[PDB]
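S.K.: The authors' numbering puts the first residue of the sequence shown at 96, with every later residue one more than the last.
Think of the CB as a built atom: it goes at the ideal place given N, C-alpha and C, for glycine as much as any other residue.
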Amino acid sequence: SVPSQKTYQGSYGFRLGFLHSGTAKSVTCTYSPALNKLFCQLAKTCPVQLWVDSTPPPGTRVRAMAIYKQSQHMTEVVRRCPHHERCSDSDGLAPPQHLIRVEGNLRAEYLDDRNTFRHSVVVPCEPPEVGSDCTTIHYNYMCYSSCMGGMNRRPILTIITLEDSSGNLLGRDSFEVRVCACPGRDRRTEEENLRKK
Ligand SMILES: CCN(CC)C1CCN(Cc2cc(C#CCO)cc(I)c2O)CC1
Ligand SMILES: [Zn+2]
Numbered sequence: 096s097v098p099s100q101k102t103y104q105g106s107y108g109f110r111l112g113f114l115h116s117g118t119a120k121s122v123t124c125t126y127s128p129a130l131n132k133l134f135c136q137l138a139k140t141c142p143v144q145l146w147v148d149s150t151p152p153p154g155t156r157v158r159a160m161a162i163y164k165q166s167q168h169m170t171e172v173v174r175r176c177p178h179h180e181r182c183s184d185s186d187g188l189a190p191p192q193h194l195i196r197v198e199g200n201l202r203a204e205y206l207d208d209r210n211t212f213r214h215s216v217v218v219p220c221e222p223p224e225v226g227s228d229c230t231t232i233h234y235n236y237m238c239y240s241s242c243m244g245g246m247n248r249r250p251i252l253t254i255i256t257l258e259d260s261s262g263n264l265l266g267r268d269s270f271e272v273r274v275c276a277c278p279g280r281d282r283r284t285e286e287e288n289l290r291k292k
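1. Name the residue from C135, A161, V225 whose alpha carbon lies nearest to the alpha carbon of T211.
2. How close, in whole Å, do the beta carbons of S269 and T102 come, if the pair is a contact with beta carbons under 8 Å?
3. Between which two residues does the alpha helix (DSSP H) carrying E286 extend?
4. Answer yes or no: do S240 and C275 have a C-beta to C-beta separation smaller than 8 Å?
5. I'd like to check one pair, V172 with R213: are the Cβ atoms closer than 8 Å?
6. How far does the beta strand (DSSP E) with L145 in it extend, from its first residue to its last?
7. Let me check you understand the geometry: is the CB of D228 closer than 7 Å to at least one non-hydrogen atom of ligand 1?
8. First and last residue of the beta strand (DSSP E) that includes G266?
9. Under a criterion of Cβ closer than 5 Å to any non-hydrogen atom of ligand 4, which residues qualify, in chain order?
10. Between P250, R156, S106, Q100, which has its C-alpha nearest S261's C-alpha?
11. Where does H178 sit, in a helix, a strand or coil, going by DSSP?
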């Protein structure tokens, strides 16, 4: 079973947004619009914006899940490697096996799907802070793309779904992720490769 990755704005005009963080060697998280790909360091804060055209109902939630991008792997559950799942870096809420965490939200819930065994983290959808136009969720990715016995150099996608209180689909967006030591350099490289290709 592979979760859908079809972009779907839905009734509320749901879509993601990303900051413009640049590609300096020191940058810890940076998004490439050309590649639709986020590059980030291990366990560092990744701001992801939520934008809507109209207010979803109270009880709406926002779920994040990782899948493998490549066809021959998409069927395999994305999880932390055998080292990182045992390094006791728990925040008290996230299971140690989960790749994706939400940082600094006490209402975050972590799901191990009883049928697909896939992991996800879900939070309530909330309106922007006074003065802002969108809401920001802070994600952490808790393994490197290169982790042996884990992602093992396989590219992943994060799928973000807007859900009603029952879990029914209201909206969907997605982006590729590379968790790496030097996001700035890697983004610059992959953008250059694309331009040549
Ligand atoms: C520019 C003026 N229009 C856009 C055309 C509105 C701006 C105000 N927002 C309110 C709003 C509510 C929720 C929520 C919730 C749970 O009930 C989540 C988000 I992100 C959010 O932006 C709605 C859109
Ligand atoms: Zn790992």
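M.R.: Well, looking at it:
1. Closest option to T211, judged by alpha-carbon separation, among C135, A161, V225: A161.
2. That pair is a contact at about 7 Å.
3. Run containing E286: 278-291, per the alpha helix (DSSP H) assignment.
4. Remark: C-beta atoms of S240 and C275 approach each other more closely than 8 Å.
5. The answer is yes: Cβ separation under 8 Å.
6. First-last of the beta strand (DSSP E) with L145: 141-146.
7. Yes, the beta carbon of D228 sits closer than 7 Å to at least one heavy atom of ligand 1.
8. Note, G266: beta strand (DSSP E), 264-274.
9. What this structure holds is ligand 1 and ligand 2, not ligand 4.
10. Comparing Cα positions, the closest option is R156.
11. When secondary structure is reduced to three states using DSSP, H178 falls in the coil class, being assigned neither helix nor strand.
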